[PDB]
Each structure stands twice: as C-alpha cells, then as structure tokens.
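# Examining the three-dimensional arrangement
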Amino acid sequence: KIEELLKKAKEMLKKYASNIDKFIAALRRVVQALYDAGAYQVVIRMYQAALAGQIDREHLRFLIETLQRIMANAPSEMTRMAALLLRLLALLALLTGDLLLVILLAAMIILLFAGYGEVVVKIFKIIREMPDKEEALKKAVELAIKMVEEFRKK
Amino acid sequence: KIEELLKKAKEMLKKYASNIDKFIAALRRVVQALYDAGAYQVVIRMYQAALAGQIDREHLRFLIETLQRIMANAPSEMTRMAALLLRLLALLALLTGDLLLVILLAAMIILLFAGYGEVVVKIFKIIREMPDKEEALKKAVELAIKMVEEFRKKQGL
Amino acid sequence: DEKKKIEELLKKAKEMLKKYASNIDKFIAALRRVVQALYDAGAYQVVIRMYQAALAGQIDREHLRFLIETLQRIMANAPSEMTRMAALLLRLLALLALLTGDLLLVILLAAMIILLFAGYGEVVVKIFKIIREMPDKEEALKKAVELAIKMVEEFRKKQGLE
Amino acid sequence: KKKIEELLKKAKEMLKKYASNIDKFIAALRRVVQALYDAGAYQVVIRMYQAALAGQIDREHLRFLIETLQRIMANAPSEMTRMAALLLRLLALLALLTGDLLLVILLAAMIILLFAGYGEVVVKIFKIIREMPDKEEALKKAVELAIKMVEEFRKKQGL
Amino acid sequence: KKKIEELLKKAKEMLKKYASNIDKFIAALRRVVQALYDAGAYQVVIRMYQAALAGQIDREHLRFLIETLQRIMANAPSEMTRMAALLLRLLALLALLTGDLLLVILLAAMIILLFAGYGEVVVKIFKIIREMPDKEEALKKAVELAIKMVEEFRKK
C-alpha cells in the first residue's frame, strides 16, 4: 500500500507543478473546509505532539476521514485533488509511522491557513527538485517548522 | 453489544448516584481534557450536525478514541470512570445510529464545559428516574438543547 | 532478527518455569523479594500507572524500559540466585511485552507484580498453573490475565493499590 | 561530544525566556511536576535524589524522567508547560551525558521543592545560576541551597 | 587535622540521634551489617579485625568498607539505615585518618557483634563512649568489652 500511495502522491505533485497557483488556492480551500469541520485544533495538537516525537493516530484518522468527506462534496476538481494529496500524505504518515510526514502535513495545513503560500511553494520545490527524498523531506520539515514559529510570533 | 453497553452505562450511573458532586467534577475534568486535546470544536460541529439530522461518525470515533486516551492517562479513578461513561454513550450513539444520543452526548459535553452542572444533574435525573427510557431521553435532550441555547446567548459557544 | 529475539525470550522463559515448578514456594518467595526491591527502587507506582494504562489499551514503554533496567540492577546486586532468577523471569516477560507490544503481557506482568506486593501468592501460583497446563498458550494468557485483573480489583477494594 | 554545548546553549536561552516572566514559568514548572507525579515518577525522583546525595547516579531513573518529560511536552496544551518540561529535560540530558552529580541533585531537588510548594527557593536557585559569573561555583551554591531546603522540608513534613 | 574534627562533631550529633531511639538505631545497624555481608565485605572485616588485634592496620580493607557503606547509603530506602551506615562510615574514616588501632578494632568488632546478634554489647559500647568523660579511656574500655565479647562469640 505504501508503494501505491507514494506513486499516487508524486503523480499528484506533477499536476501541482503544471499549475502552482490554482493548486495552492485549492489547498487553501481544503484547509478552510478542515477549519469549518472543526479539525484545525486537531491539526495543531497533532503538530505539537509530533514536534516532541509523538504521533497522534486518532488525529490522523479523523483528518483522513474529514478530507475524504471534502473530496466527496467538493464540486471543483482542483479542490478534490488538493484534498486527495493531503489525504495521501496523511495515510503515508499513518502507515509508515514517520514523524516528519506528520509535521509536514500539519505545518502545511497551518501555513496554508495562515496565508504563507510562498512557503508552501518552496516546500514543494524542495520535495520535487532535490533527488534525495529523505533529505529533501528533512529540509522541507525544517523550513515548515521555522515558518510556523514565525507565524506564531506575530 | 448494545445491551452490554447499556448495562455498563446504567451501572456507571449508579456509581454516579452514590456521589453526584464529585462525579460532575470528574466529568468537568474529562471535558477539560477533551478541550486540551483539540476535540471541543469537533463536539460543537457534531452537535450542530445532529441538530440538523446528520450523524458525523468520524467526529464520534475521534471522541471515542480521545476519551480512551484520557482513561489511559488519568490518575483519578473518578476521571477514568467519567470518561468511560461518556465513551459508552458515544459507542451507543455510533452503533445504534440514534441522533438523540449524539445530541445528548454533545450537549452534556458543552454544558459541562460551560459549568452548568445543575442542568447535568437534572438530565441524569430525568433519564434514570422516569420509567419510559425513550421519553426520558427525549425530555433530557429537550432540556439540554434549551440550556445550550441559553449558554450560547450568554457566553459564546 | 526481532522475532529471533522473541523465540529466544520465550524459550528462556520456559526453562525458568520448569525450575519454578521444581520449587514453587521458594520461587514465589524470591518473586516477593524482587517486588520488594522494585518498591524500594521507586518502581511500584510506575507499575501501577503501566497497569491502568494497559487496562485502557495504552502501552507505556518508558515504564516498561525503566522496569527492565531496574530488574537488571536487582540481578546485579541480589546475593541470592533465587532472587536473580525471579528477577530474570520478570525481565524476560517485560522484554517480551515490549518487543511484541502485547497488552495482555503488560497486564499480566503488572498484575503479577501488584499481587506479589499484596501477598496474593496463591493467585500467582494459579496464574502459573494456567500458563503451564493449558495447551493453547494464547487462551491460557487470556484466562490468567482475567484472573489477575479480578484479584487486583479485590486487593484495590480491600487495601488500596497505591 | 559537541551536543553538551548545544544543550547548554538551548538551556541558557530557555532561562532567558524564564527571566522574561518568572511567576508564570514557576507555575508551569509546578504543572510539569504535577504531571510527573501523575505519571508515577515522583518516587523515582526521590530515589535518584537519595542516590545522588551519596555519589551514585541512577541512570535508568534519569532516562525515565527524560522520556516522561518528553511525553509531557507532547501532550501539554500550554506552551509554557511544554517549555518548562523542555528545560527540565535539557537539565536531565546534561546530567546524563556529563555524569555530573550536582546536575542530578539540582534536577531532583528542584522537582521535590516545586512539588512541596517552595517556588521561591527555585527562583533563588535560578538567580544564582544566572547571575554568578562562575557557572560551576553557581551550580555548587544552588545545589547547596536546594539540599538545605529539601532537608528542611523533610524535617517539617515528609518527602 | 580539621577533617578529624569535622568527622568527630558529625559523629557526636549522630550519637545524639542514636540516643533518641537506641533500639531502632541498633536495628538499622544490623540491617547495615546484613547489607555489608551481602556485599561480600564480611571476611574483609574479619581480616581487618585480626590484623588490628595484632597491631596492623589494613587500609585497603578500611577504604573498601567506607565505599561500601556509602553505596549502602546511596541505595538504602530507610533514612535510619542510611544514618547507621553514615555513623559506621564516619568511624571508619576516623580510623583511617588518625591511624588509631582502637577505632579499627571497635569498628570491626561492632560489625561482628551486630552480625552475631549481640546488640546489647553495642548498646553498652555506645553508653561507654558517651558517658565516660575521658574519651580515650572510654575508647579503651569499649575496645576491651568488644574484644571480650567477640572472643566469647568465637569460642561458641
């Protein structure tokens, strides 16, 4: 399953690359829907627990199911695909138990909610251009954590 | 299964009856733990959706597992058992599909958060003293909804 | 190699239970001495918290690791071989609980510690009887865990856990 | 290696955050200590303290405290509590990696005094550790005051 | 020379603590001696006792007892046991720093008598050391009583 999820994730990132701005907008709408569903503080708790080495699996499952409802009711294809990408990342974080993916997902949600689109485009640039995916993942997680700290400052 | 959950729930309510004040305090602590876990807005959304005839099962499942974690890490027996009572009610709502159970659970959590303990004592009195349990559930849900409206009027929700 | 460790830990346990069968009363006494050392080391409240968390479906691995290391210190400083080997048996069970993630092993370990502390030696003898006689070991574990939980509840009612 | 230096750097920055608001940080430390007690770690702290007073470092005790404090950081809703827990965890990690008994004694005595309600003693310990020029002599003086107050608390009530 | 004074004052305050409850302090001393035996130090104590009876001070034996008693203090859960160990450790350090054979004999003989169950002899030793005005003559009398009762124990 992990192999299938990784294949679909990168295939979704090729659609992202084709048109960044509309995909970022769709991610923002998905994050707004998550907030409307009552899941934002769930994301914040998941992020804090992950920063300290704890993976909140119930939080991940609730996020996955909420994203699936969003895909079911979204009229825009762009919104469905943004939701699908975030859901694939969440399922990967859940099944691999990898803390950096939990941090990446939660920080991406937080930064999208905060309006830091440039940080998300750069994170995706790190994930798609650098070949060493593990160190690209570490670099993007480092930038995400740094920028959420900056958002937390103001 | 539903029969066994009902058995443990009412047996838990007799333990409640033995000492109402400390049990309400423990329920307040459980709800504070729910809020700290990020689950309070989950309950509010579940409550609105139930008021409109929709059962948000992902919300219920997240609440159930959060209550289980609270039971796993609570040092007080009172806190563990209050959490267990709320979790049994949630499991009943999930397996029976009863919208009134979802409304009751969410409204009890909200009123506990609001400090309306007296309303919670009255809800429990209605469901355990009235003989016809379905009519007690209907009446308690009506009182819960009314008092949640009052809490929304005076403070925020 | 992880499973390799699991068979080695279970097999090393089986030899300890045959030695136990040879002289149950003295082995129970050694278990009481090990548990008294655990209490003196400050690990009893750790065991109680682990027990409650396991009863609610959570495995506290830091608690298990602290118990494993404490039991190893007991083996290092115990002058009686009986004490060292009782500690070794409990440590093998703890390592098994830790590597398999089996909640029933965590509950059994913690309840055995609590019952030994409470003086319920015959309950521990019956637990070992279930684990040694019943053919289906997985069903023996469930039966022993339910008996342990029941008797820990009785002890909590009569005397108090902490 | 060079991690002890990073732990000292992060600790000193955490003590600057402490200095910014003393009272709320002491409150967060008491909340962290209450969480330790709820986790079953208080008797561990007392045993570590007694062993350290006689020159013995209980390393399993330290590791259990480090891991418990990290779980507290993972589940604390207030950032102030998370950062108090992180400060105590950095001190524990330093005690573990340097083998310094005075750090073990300081950590355990601070936990005991916070549990006992001697917050002002902790404020004084932090004042000594942050104001004196010679950090090692400040550590010795702070440990001296901590030991005095834990012994006095044992004289009045219990431990 | 100043350390000898600091050890002596800490000893006198420990003996006032003993006086407050002699029976419980003797029980704690027996527990300390049992811990020494479990640590493998009892034959060390016996050889130290013989060597001191013949005018030889075994300093490695004394140091091993000092460090073992401190380990006992580090791991004892009872405060009184930690303090009995501390009293014996102060006495051992005094024997080591002064080179006094009577302190070596007294320490080893008290350990032996506690192990043998002669608690009352140790109570009398403490009474002699705390009542007699001339402390050196009190030490001589306590050593004579200790040697006499250890020899009596060895005969039977």
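Residues numbered from 1 in each chain as written, not as in the entry; some residues may be left out. Chains lettered and ligands numbered in written order. Heavy atoms only, no water.

This entry lists X-ray crystallography as its structure determination method and reports a resolution of 2.71 Å.

For chain B, the PDB entry supplies the name De novo design cavitated protein and the organism synthetic construct. In the PDB, the title recorded for this entry is "De novo design cavitated protein without predefined topology".

Naming follows the PDB entry, where chain A appears as De novo design cavitated protein of synthetic construct.

### A few points about the packing of helix α1 (residues 2-18) of chain A against helix α7 (residues 117-129) of chain A
Residue and element names in this part refer to chain A. In contact at an axis separation of 12 Å, α1 and α7 are set at 125° when each is read in the N-to-C sense. On the basis of their axis angle, the class for α1 and α7 is oblique. In the crossing of α1 with α7, the sense of the turn from one axis to the other is left-handed. Counted together, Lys10, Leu13 and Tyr16 of α1 and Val120, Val121, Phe124, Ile127 and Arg128 of α7 form the full contact between these two elements. Classifying every residue of the contact of α1 with α7 gives six nonpolar, no polar and two charged. (Axes fitted to C-alpha atoms, helices over the stretch in contact; angles between N-to-C directions. Helix = DSSP H or I, 4+ residues; strand = E, 2+ residues; numbered from the N terminus. Parallel < 35°, antiparallel > 145°, perpendicular 65-115°, else oblique. Left-handed = near helix turned anticlockwise from the far one by under 90°. Contact = heavy atoms within 4.5 Å. Nonpolar A, V, L, I, M, F, W, Y, C, P; charged D, E, K, R; others polar.)

### Concerning helix α4 (residues 59-75) of chain E
With 17 residues, α4(E) should reach 24 Å at 1.5 Å per residue; the first-to-last C-alpha distance of 24 Å fits that figure. Of the positions making up α4(E), those classed as buried are E:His61, E:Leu62, E:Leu65, E:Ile66, E:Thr68, E:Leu69, E:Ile72, E:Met73 and E:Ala74. (Expected span 1.5 Å × (residues − 1). Buried < 20%, exposed > 50% of the residue type's maximum accessible area, 1.4 Å probe, protein only.)

### Focus on the packing of helix α6 (residues 101-116) of chain E against helix α8 (residues 135-155) of chain E
Two quantities define a packed helix pair, namely the angle between the axes and the distance from one axis to the other. All names here are of chain E. Across the interface, α6 lies against α8 with an axial gap of 9 Å and an inter-helix angle of 40°. Here α6 lies oblique to α8, going by the angle between them. When the axes of α6 and α8 are compared, the crossing they make is left-handed. Residue-level contacts link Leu102, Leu103, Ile105, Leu106, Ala109, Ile112, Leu113 and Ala116 of α6 to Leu139, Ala142, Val143, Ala146, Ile147, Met149, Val150 and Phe153 of α8.

### Quick notes on the interface of chain D and chain A
Chain D puts nine residues into the contact, and the matching count from chain A is seven residues. Across the chain D/chain A interface, buried area totals approximately 630 Å², and carbon plus sulfur atoms make up 35% of it. Our count for the contact surface shared by chain D and chain A stands at one salt bridge. Residues D:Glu79 and A:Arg152 are paired through a salt bridge, measuring 2.3 Å at the closest nitrogen-oxygen approach. For the pair chain D and chain A, the number of links is four residue pairs in polar contact. Within the residue set of the side of chain D that touches chain A, elements represented by two or more residues are α4 (59-75) and α5 (79-98) of chain D. At five residues, the largest contribution of residues to the side of chain D that touches chain A is made by α4(D). Here the side of chain D that touches chain A is composed, by residue class, of four nonpolar, two polar and three charged. (Buried area = accessible area lost by both parts, 1.4 Å probe. Salt bridge = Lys/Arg side-chain N within 4 Å of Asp/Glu carboxyl O. Polar contact = N/O pair within 3.5 Å; in protein donor to acceptor, adjacent residues only side chain to side chain.)

### A word on the interface of chain D and chain C
Facing 14 residues of chain D, the contacting portion of chain C comprises 13 residues. The junction of chain D with chain C conceals about 1200 Å² of combined surface from both sides, 54% of it contributed by carbon and sulfur atoms. Three residues stand out in chain D for area buried against chain C, namely D:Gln43, D:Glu60 and D:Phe64, and they jointly supply 40% of the buried area on that side. The interface formed by chain D and chain C contains four salt bridges. Across the salt bridge formed by C:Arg73 and D:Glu60, the nearest N and O atoms sit 2.9 Å from each other. Put simply, chain D and chain C have four residue pairs in polar contact between them. Those elements that provide at least two residues to the side of chain D that touches chain C are α3 (42-53) and α4 of chain D. By residue number, the principal contributor to the side of chain D that touches chain C is α4(D), which donates eight residues.

### Focus: the side chain of C:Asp60
Residue and element names in this part refer to chain C. Following the sequence through the fold, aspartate 60 ends up in the loop between α3 (44-55) and α4 (61-77). Of the side chains with opposite charge, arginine 49 comes closest to the buried, unpaired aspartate 60, at an N-O distance of 4.7 Å. Among the polar contacts made by the side chain of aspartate 60, one reaches the side chain of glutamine 58 at a distance of 2.8 Å. The contact partners of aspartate 60, leaving out residues within four places of it in the chain, are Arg49, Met50 and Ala53. (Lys, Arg positive; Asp, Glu negative; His and termini not counted.)

### Side note on a positive patch on the surface
Residue and element names in this part refer to chain D. Positive charge collects at one region of the surface, where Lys12, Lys16, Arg130 and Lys135 lie side by side. Along the chain, the position of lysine 16 falls in helix α1 (residues 3-20). A relative accessible area of 61% means that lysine 16 is categorised as exposed. (Patch = residues over 30% accessible without salt bridge, like charges linked within 9 Å, V, L, I, M, F, W, Y side chains within 5 Å. Areas by Shrake-Rupley, 256 points an atom, 1.4 Å probe, with all protein chains shown as cover. Charge placed at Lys NZ, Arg CZ, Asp CG, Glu CD.)

### Some thoughts on the nonpolar core
Counting 136 residues, the largest nonpolar core has C:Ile28, C:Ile114, C:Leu115, C:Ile127 and D:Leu29 as the members making the most contacts within it. The biggest single contributor to this core is helix α5 (residues 81-100) of chain C, with 13 residues. In contact with C:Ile127, not counting residues within four places along its chain, are C:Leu108, C:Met112, C:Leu115, C:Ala144, C:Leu147 and C:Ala148. B:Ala93, B:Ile103, B:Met147 and B:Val148 belong to the second-largest nonpolar core, a separate cluster that totals 67 residues. (Core = buried A, V, L, I, M, F, W, Y, C linked by side-chain atoms within 4.5 Å.)

### Topic: the side chain of C:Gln52
Here C:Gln52 is to be found in helix α3. Judged by relative accessible area, which is 10%, C:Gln52 ranks as buried. Side chain to side chain, C:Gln52 and B:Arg80 meet in a polar contact 3.0 Å long. Residues in contact with C:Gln52, not counting those within four places in the same chain, are B:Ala72, B:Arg80, C:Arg156 and C:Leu161.

### Looking at α3(D)
Residues and elements named next belong to chain D. Under the 1.5 Å per step criterion, the end-to-end length of α3 is 17 Å for twelve residues, consistent within 8% with the ideal 16 Å. Where burial is concerned, most of α3 is hidden: ten out of the twelve residues are buried. All of the buried residues along α3 are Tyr42, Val44, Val45, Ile46, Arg47, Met48, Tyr49, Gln50, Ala51 and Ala52. Just beyond α3, the residue with positive phi is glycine 55, at close to 85°.

### Considering a negative patch on the surface
On the surface, a cluster of negative charge is contributed by A:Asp132, A:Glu134, A:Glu135 and A:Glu142. Considering the arrangement of structural elements, one finds A:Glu134 in helix α8 (residues 133-153).

### Notes on the pattern of salt bridges
Going through the model one piece at a time under the given rule, you end up with 34 salt bridges over all chains. Salt-bridge contacts for A:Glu65 lead to B:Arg61; the nearest nitrogen and oxygen are separated by 2.4 Å. One end of the pair, A:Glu65, is in helix α4 (residues 57-73); the other, B:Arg61, is in helix α4 (residues 57-73), on a second chain. One connected set of salt bridges, linked through shared partners, spans A:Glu58, A:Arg61, B:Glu65 and B:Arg69.

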